[PDB]
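Protein chains in written order, with PDB author numbering: chain A, 2 to 78; chain G, 3 to 98; chain h, 213 to 317; chain P, 48 to 91, 136 to 153, 158 to 164, 166 to 177, 181 to 190, 194 to 201; chain e, 2 to 541; chain q, 247 to 393; chain b, 2 to 526; chain d, 71 to 434.
Single-structure report; data block below.
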Amino acid sequence: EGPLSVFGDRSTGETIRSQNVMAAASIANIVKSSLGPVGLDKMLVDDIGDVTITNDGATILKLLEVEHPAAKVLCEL
Amino acid sequence: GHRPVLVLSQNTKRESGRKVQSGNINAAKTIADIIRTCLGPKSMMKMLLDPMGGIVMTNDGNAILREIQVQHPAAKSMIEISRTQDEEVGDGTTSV
Amino acid sequence: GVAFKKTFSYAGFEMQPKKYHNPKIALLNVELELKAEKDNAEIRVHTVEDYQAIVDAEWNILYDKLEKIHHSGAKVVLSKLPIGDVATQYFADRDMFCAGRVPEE
Amino acid sequence: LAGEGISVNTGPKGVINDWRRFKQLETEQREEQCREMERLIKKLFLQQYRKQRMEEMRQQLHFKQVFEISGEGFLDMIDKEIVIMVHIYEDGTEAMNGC
Amino acid sequence: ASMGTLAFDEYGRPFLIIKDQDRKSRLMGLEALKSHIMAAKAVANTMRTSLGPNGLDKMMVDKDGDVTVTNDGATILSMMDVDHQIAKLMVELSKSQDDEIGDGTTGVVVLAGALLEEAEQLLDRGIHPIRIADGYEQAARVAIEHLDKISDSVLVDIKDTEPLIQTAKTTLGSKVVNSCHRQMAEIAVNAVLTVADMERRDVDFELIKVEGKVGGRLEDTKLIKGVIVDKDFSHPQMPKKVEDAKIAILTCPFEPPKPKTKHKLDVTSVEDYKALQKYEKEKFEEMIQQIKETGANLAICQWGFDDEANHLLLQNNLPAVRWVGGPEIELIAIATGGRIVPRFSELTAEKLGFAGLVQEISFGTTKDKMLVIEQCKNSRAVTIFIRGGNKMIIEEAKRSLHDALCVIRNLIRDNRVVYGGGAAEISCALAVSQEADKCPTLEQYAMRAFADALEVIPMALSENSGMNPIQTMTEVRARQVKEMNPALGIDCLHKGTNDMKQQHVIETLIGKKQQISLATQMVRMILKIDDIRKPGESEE
Amino acid sequence: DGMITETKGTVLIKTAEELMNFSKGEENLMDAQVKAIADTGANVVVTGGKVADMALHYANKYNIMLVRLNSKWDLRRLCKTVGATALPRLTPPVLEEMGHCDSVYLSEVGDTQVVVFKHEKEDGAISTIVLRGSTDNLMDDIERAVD
Amino acid sequence: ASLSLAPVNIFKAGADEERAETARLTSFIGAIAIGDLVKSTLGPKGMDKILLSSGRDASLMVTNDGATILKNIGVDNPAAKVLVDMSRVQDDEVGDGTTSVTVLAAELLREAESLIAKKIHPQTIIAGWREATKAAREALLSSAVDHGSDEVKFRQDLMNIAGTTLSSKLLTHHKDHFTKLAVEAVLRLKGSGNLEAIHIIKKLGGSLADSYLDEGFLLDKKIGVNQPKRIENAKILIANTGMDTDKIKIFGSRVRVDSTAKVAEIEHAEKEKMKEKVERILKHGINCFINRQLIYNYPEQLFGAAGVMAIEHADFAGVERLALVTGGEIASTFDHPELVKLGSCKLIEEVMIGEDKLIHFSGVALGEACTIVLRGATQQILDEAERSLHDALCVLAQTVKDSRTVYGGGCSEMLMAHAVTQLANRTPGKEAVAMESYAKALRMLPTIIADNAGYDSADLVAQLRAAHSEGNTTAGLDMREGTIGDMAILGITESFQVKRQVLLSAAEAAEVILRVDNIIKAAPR
Amino acid sequence: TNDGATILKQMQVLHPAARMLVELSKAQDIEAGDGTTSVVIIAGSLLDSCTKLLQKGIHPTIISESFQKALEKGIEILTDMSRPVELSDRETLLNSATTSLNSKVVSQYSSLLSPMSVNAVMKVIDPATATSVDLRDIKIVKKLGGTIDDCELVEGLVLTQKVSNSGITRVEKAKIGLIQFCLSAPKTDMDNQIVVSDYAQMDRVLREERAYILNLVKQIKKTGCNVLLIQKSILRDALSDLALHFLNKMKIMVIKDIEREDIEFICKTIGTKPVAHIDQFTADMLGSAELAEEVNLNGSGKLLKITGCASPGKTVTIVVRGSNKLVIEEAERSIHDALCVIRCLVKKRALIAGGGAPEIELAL
Ligand SMILES: Nc1ncnc2c1ncn2[C@@H]1O[C@H](COP(=O)(O)OP(=O)(O)O)[C@@H](O)[C@H]1O
Ligand SMILES: Nc1ncnc2c1ncn2[C@@H]1O[C@H](COP(=O)(O)OP(=O)(O)O)[C@@H](O)[C@H]1O
Ligand SMILES: [Mg+2]
Ligand SMILES: [Mg+2]
Ligand SMILES: [Mg+2]
Ligand SMILES: [Mg+2]
């Protein structure tokens, strides 16, 4: 709302930077527990009962549903 | 308006820690206890109700396990190993 | 010193002087108006003379309080409790300042 | 687009029949809603009663039934003609009904 | 850039900080300042057209549909149903200007709007708002000192009321009552001078009664050196006119006495009943005779009375008025020089007020009667009776006369004046620019913005009068610079001269100082807000 | 305050003189009561009920400190810690019923106005621990530790 | 930028504002709508209106009065509210001229709209209108003629004024009869301005010509059971006492005894007190007793036993009217009979009007109070007749108060506009155009008067303008046939006060409406 | 109903013209009493003609003036057709009443109702020196049961109030007395209480209340009164049980709950002067009557009749009987129409032929 007159939300300043860093930290913390010989695998359930037990980061980030585009950037990375 | 902004999509649950291990182990224990009594020469038979309307009255462990539906993925893994034992050697499905 | 807002002056207040050069202030917690002596007080009379005497006694009680205040030598009167129009006019006739409902603080 | 001072004049004159026919039903609906909402929303060893048992087995000494009310039934039961208790339920209800 | 924050934790767990944070809205940084500046600019631009003699009125409608046509800035802002917080701040600024001064309630809003408009550009050039506020404060101090320098004193003597009449006329020029311009100025000046403590003390407006009755003409408004009452004589057969009346002001109803304490009078025999009825009759006769004994020709009560007392008053030739309000009782006592007596026992001749004429007034084919008490000896209370063709112009005349009374009160408090028409604003802007030219660069922009904001008032006056704002203001400023004369303003009335001293456009110095101050601190307060936290629910 | 009847109190006035003298007599009687209380050397008065305005006036006239305790538990604890007996009427206290404290004063701690009943001897029936902190929850936890 | 047309929203939900062009448009539309509605009910050939209330009772009203039409309509336009309040104040000040002032204000505002369209600042229009109002007021004042010195001429002027006032109403069918009735009723007031001293009684049935002004007075009250129904040479005492379970006013008094015999004694004492009060009243030597309040069974029985007629429950207006018509004094104490004046009249009896019975006072002493019996075929007819008679009585009372009169039929407006034009062609600038528009509205008033009759309004108005140009200052609209003629001969007279008030109120309302350049409405409740 | 005014009033019409015609019918009923349908028909026909007149290009002001001229001419023509009539001619009055009743349901019962109406009007007015008839002097009482043939012309008064003295009816040579005070325990307008602080005081209280009631009853009886009518009282009990018992023991009929609005009619009919205090209750304020009997209407109710009074008043009462309520109301309306017709004969005593003859003569 204002004189900009765009049908959408706008974020500026430290807010958007904090949001991007929060998304990156969330993506990192998703797979941070599966690093090194003392890492552990993860179950992934595909909403229909299909189970995918894996430790590979690429598989985990591919199977996950991601909405924030910075998180998408990390998944594509 | 202003649908909320968040990293992962909605209805995307995530558990972690000792709770996950405890849940998996209890699910396996429940699977074992389902057919614990169907082992040995003095085993008692069980009646399974097929969703299609049939009746499966059997003593085999794999036949009992494959006729039930579970939500916990650990129970799914246990049913899968039961099927694997049934296919590989033909018996020992409840022992495993 | 102290300053506070004017508190709902009654009729006849504007006739009082609004400046004194060495006033004596009678800080009071007293209801200076005609009212029942007590909420549980009942007057029982059977003669018109006693009726008139009771009315005059109420008026004399109020006027005795006012006369004591006036003869105290004070020129400014402040009371926590309400000060009625009768008392306000009485003080106006004596070139006295009155103000009721003054807050505790 | 001007002339906001319409002065509708005899326009509504030719529609009083239909307007009043609709208004009668509208008023009836408003009255029914008010009566419905009158109750709702508004607020939506002596200690052991030794006499309870004696009242219990002296009450059984009389068996008819409570009237089952029809939206306008609730309206016209209280609109005409004393203390009245009305029970609201849809089929613990049976116990208090027996009470 | 709003709706608070939305993180939901780095681990996906719920992150609830503030209650109902999902619907609360917040605005931060320069965006909030820009929004506030835009809102204040909108309010100021709306109020701009109601400035000067050629200013136009606003027709306000309240919740109930009642219609108010007015030019007063404070009244207009009060009637508005605004939701923006900055708009409420400007409304409070107008109310403060009205309370302290009573005139200039529209100039403050325009000045604040101009100040914030200039602050918008200053912020866009990359200056901290605190620096802008400091520069505004310094420029305001300079302008106030300059106003003190160029101020002129007037005489506030009763013998010569010409400057007071000129000031009242200048105040009333913008209002609709300018059809009776000098008449209203004269009556306002006389009203203020009558009820006033001479030693520059307060002027109590409770001694000025303003009443308006429809009908007649606006020119029929007159000053009554007495009290006019909405009541009339109690008995229809009482005479309608009393001359040389000896008023008897009373607060006791003409009824048998009744103790305040709850009581019971026991009647136990027929003799008791006879004594009771004889006592009632004797009490009535005694109160009437006590009233008569003082020689009073008229009695004014407050709590009414009953039929026996009314007929006894009529029989003894004593006109009487009942149910007179307490303020009216006090005003009558003050004007007539009489005391207020609480009971007939204390009434005496020395406590009787004197009035030259007490009359009952008719108002055409309306049956409405009003009593007028006038021709008092040394009346220290006055009333103003306003007539008109409709109640709306009556209310507008009421507030215009109130503005005139406030202006004369300010003149009584301090007699220093400055010449209006934008001359004072132009001189202040020139002084501010001269001070800025001799100052470090950083606050020079703030000072020059303050001067430009001061320049809006002559621009508004010229635009409202149909002249070109920039050209006329530039010519007047150049003339002021050329010949040292801070009395050159904007010829709104097209009288052919720019010298406001000759045109007698006079306004109080205190009014201008209060305008500049209140605008400066209000703009400073607005500029210092960098964050808004609104519920955003938009409830019914 | 002057004690009242328990069934129902009605001031029956039959003559003007009684009406004039009633309030003056009541004020004089309660003045006598308060002066009798003060003549025993008492200088601090603690009450569990309300305080009459005129009683407060006459206690101020005689330089008597007034403290009001709403909860009966606080009254009992104060009686234990001072050595006084909770009297049921306005009678002046006898020598054995008069409590003694080393110092009683009004003081402010932080932003809280408190009344302190302070002893000098390292003894008594009741002792109080004053807890300070930057958070209410922290003080509650410290109180649990103290318990 | 404006409040509404800004990126930020500054208003509550439901509040709005209208800037210069929109506010002027709305105000002009509302004022012109009011003027067009109230007009066509103007002049001798004006029609009536039907006011059909939409409420539960659904009151039906037929009226020609502009004020009653304007007050009984749901108005949302604020300028229309201003005009309605103008009409109400016009009615309050004088009886007649509501339609005239409303139409004049509407025409002035229409001319103002045209001038604004001509790119003229409203302040210039206001200044020009002030000058034109001054000129027109001076011209009308100079045109006024006074006839208060001559009694016969003053009575003729009163007759002419009453006829002119009634010419536009439903009473114009019997204009002579109602004119004489109203003139006699006003003259019976003997200079008193209290129109409440004249009572209008509406009785259904009978023709409108059956209405009459009673030679005495009429009361719609009853008489006691055992009291005479006819008294000759009555001596009337008017009172405002209780005489109904009369209680001693000591509110704290009560009866407290130990036996019922004492209670019976106290009851007998109360009855004896009432009897003594009745005896004191009778000591005045009266035949008819009138009390403002109710009279209970015992006092009325006592009155009947004494052969004295007692009329009860005659309200404040009733007792005032009887005091005015008979000369008695309203008394509340009866201890000094010699100090109370008793009303006198030749005869009191009961008359049979319609199906109702009324008390008739005949041969009254003073008679400074009148009762008018209105007979009609419908309730609407009676109400409209009462309103028209009220207007006529108000105008006649105003003329009695101030005897200065002007000529109607558009003559006054024609001379006003002639003076305005003479001023306008003597002034430079657009103020001349504003004054010309003022004159055009003044012309439009009799133009509408002529249009209501279907006459050639343009030609008649041109003839009137020419005639006033040569110097014929008495020419007007002769409505009998559709020509122009001398209103001094035709006797179309009208009060100077009414015309002055119409002019000044219309100018004032037009000025206050024209000053508005912004309409701001709060959120409706 | 057949009355035009009643039909118009009963049905809401919602149109201003229709409401004005309703008011016109009401005014015609007020001024004349009958012809309420004819006037509405005339107005409708006149406006129907005005439609074609307006469609011809005629202004609706020449129409009004021409209609006024036609009305004046028609009034003159009708006055020409008039025939003088004297109230002493009973035949003309009977014919007028019969013509009025011809159009109603009681037309069959005309030989009973038309003489009834003529007698009712003649008995309440002076036959000479009279200019109007106050129809409020002719009381109409509607009692269900029977037929229209059972209508009566009681020359006294009938009261629907029942006799509280259950056991005494049909008092002959009655001396009726009307009182407006209450026969109960003493009570003053000023509020009163009796304080008892002794059992002897209790005994004295009830004994003295009984004695006071007995004294009141004895004072009433000493005047020779045998029929007592008591005005309705709401403030305090008008007739106590003890007072009723004493009055019954004195052999006096007691009629209570008399409405305040009927006091004037009762006093005019009988001759009783109301009494509001026992001090003024004397024999000369009693209304002598030949008989005062309460009769039953074949199980349809009870009516108290006082028939035959010394110095009778100028009031009559008509009792209307019928099978059901509707025919009773219509009979009452028809009788009112006949009475109004005779009243129209009383003032402006001129008679014209009916049958549409005046209308066709006016047309020609
Ligand atoms: N006759 C005049 N000629 C020129 N300017 C004037 C005249 N009268 C008033 N003004 C100016 O118009 C400005 C606005 O005055 P006004 O609208 O009456 O009250 P407010 O100051 O509240 O807007 C004042 O600052 C004054 O200088
Ligand atoms: N007989 C007449 N001849 C010419 N003009 C008339 C006549 N009677 C009234 N008028 C004019 O009609 C105008 C309106 O009068 P009217 O409609 O009666 O009341 P109002 O002034 O309230 O509209 C008056 O200004 C008057 O000049
Ligand atoms: Mg096996
Ligand atoms: Mg101003
Ligand atoms: Mg008129
Ligand atoms: Mg008929």
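Each residue gets a CB set at the ideal place from its N, CA and C atoms; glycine is no exception.
Using a C-beta cutoff of 8 Å, does G/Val-7 count as contacting chain e? Closer than 8 Å: yes.
Counting only beta-carbon atoms, is residue 527 of chain b nearer than 8 Å to chain e? No answer is possible for residue 527 of chain b: the residues shown for chain b start at 2 and end at 526.
e/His-236 versus e/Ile-301, e/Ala-45 and e/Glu-484, residue with shortest Cα-Cα distance: For e/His-236, the closest alpha carbon among the candidates e/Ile-301, e/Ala-45 and e/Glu-484 is that of e/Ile-301.
Check the Cβ-Cβ distances between d/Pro-197 and every residue of chain b, and say whether any is below 8 Å. Closer than 8 Å: no.
Have a look at b/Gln-498 and h/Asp-305 and give me their C-alpha separation to the nearest angstrom. Those two C-alpha atoms are separated by around 49 Å.
Closer than 8 Å by C-beta to q/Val-360: which residues in its own chain qualify, once you throw out the five before and the five after it? Chain order, please. In the same chain as q/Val-360, and ignoring 5 residues on each side of it, the C-beta atoms closer than 8 Å to its own belong to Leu-352, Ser-353 and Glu-354, in chain order.
Just to check, is the beta-carbon of e/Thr-76 closer than 7 Å to a non-hydrogen atom of ligand 1? Because no heavy atom of ligand 1 lies under 7 Å away, the Cβ of e/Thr-76 does not count as near it: no.
Hey, e/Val-68 and e/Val-62 are a contact pair by Cβ (cut 8 Å); roughly how many whole angstroms apart? e/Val-68 to e/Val-62, Cβ: 6 Å. Contact.
Using a Cβ cut-off of 7 Å, pull out every chain A residue sitting near b/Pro-525, in sequence order please. Those do not exist, as b/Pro-525 stays about 25 Å from chain A at its closest Cβ, beyond 7 Å.
Look up d/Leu-421 in the DSSP assignment and say whether it is helix, strand or coil. d/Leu-421 falls in the strand class under three-state DSSP.
Short CB-CB distance (under 8 Å) between G/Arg-16 and chain e: Answer yes: the Cβ-Cβ gap between G/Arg-16 and chain e drops below 8 Å somewhere.
Extent of the continuous beta strand (DSSP E) to which b/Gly-149 belongs: Counting along the chain, b/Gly-149 falls outside any beta strand (DSSP E), and DSSP gives it neither H nor E.
If we count Cβ pairs, one from each stretch, closer than 8 Å, do we get three or more for the region 372-389 of chain b versus the region 230-241 of chain b? Contact fails: fewer than three Cβ-Cβ distances are below 8 Å.
Would a C-beta distance cut-off of 8 Å place e/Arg-534 and e/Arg-27 closer than the cut-off? Between e/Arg-534 and e/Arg-27, the CB-CB gap stays under 8 Å.
Does the beta-carbon of A/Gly-37, which I'm using as the reference point, lie nearer than 7 Å to any heavy atom of ligand 3? Not under cutoff, so the answer is no.
Sort out for me which residues DSSP pairs e/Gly-354 with in a bridge. e/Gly-354 is bridged to e/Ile-248.
Contact residues within the region 36-55 of chain e, judged by C-beta distance below 8 Å to chain h: For chain h, none of the residues of the region 36-55 of chain e brings a beta carbon within less than 8 Å of one of its beta carbons.
Can you give me the C-alpha to C-alpha distance between d/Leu-94 and b/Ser-208, rounded to a whole angstrom? The alpha-carbon atoms of d/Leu-94 and b/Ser-208 are separated by roughly 11 Å.
Please report the Cβ distance between e/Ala-454 and e/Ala-134, rounded to the nearest whole angstrom; I am assuming they are in contact, meaning their Cβ atoms lie under 8 Å. e/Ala-454 to e/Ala-134, Cβ: 13 Å. No contact.
Under 8 Å by Cβ, that's how I've got e/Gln-278 and b/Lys-274 pegged, so tell me the actual separation to the nearest angstrom. So it is a contact: roughly 6 Å between Cβ atoms.
When you check each C-beta in the region 22-40 of chain b against every C-beta of chain P, which residues fall closer than 8 Å? Within the region 22-40 of chain b, the residues whose Cβ lies closer than 8 Å to some Cβ of chain P are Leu-26, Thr-27, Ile-30, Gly-31, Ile-33, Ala-34, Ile-35 and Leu-38, listed in chain order.
Nearest to b/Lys-276 by alpha carbon, out of b/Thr-475, b/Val-462, b/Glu-266 and b/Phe-304? For the residues b/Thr-475, b/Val-462, b/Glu-266 and b/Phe-304, the minimum Cα distance to b/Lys-276 belongs to b/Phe-304.
What does the alpha-carbon distance come out to for the pair e/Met-91 and b/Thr-475? When rounded, the distance between both Cα atoms is 59 Å.
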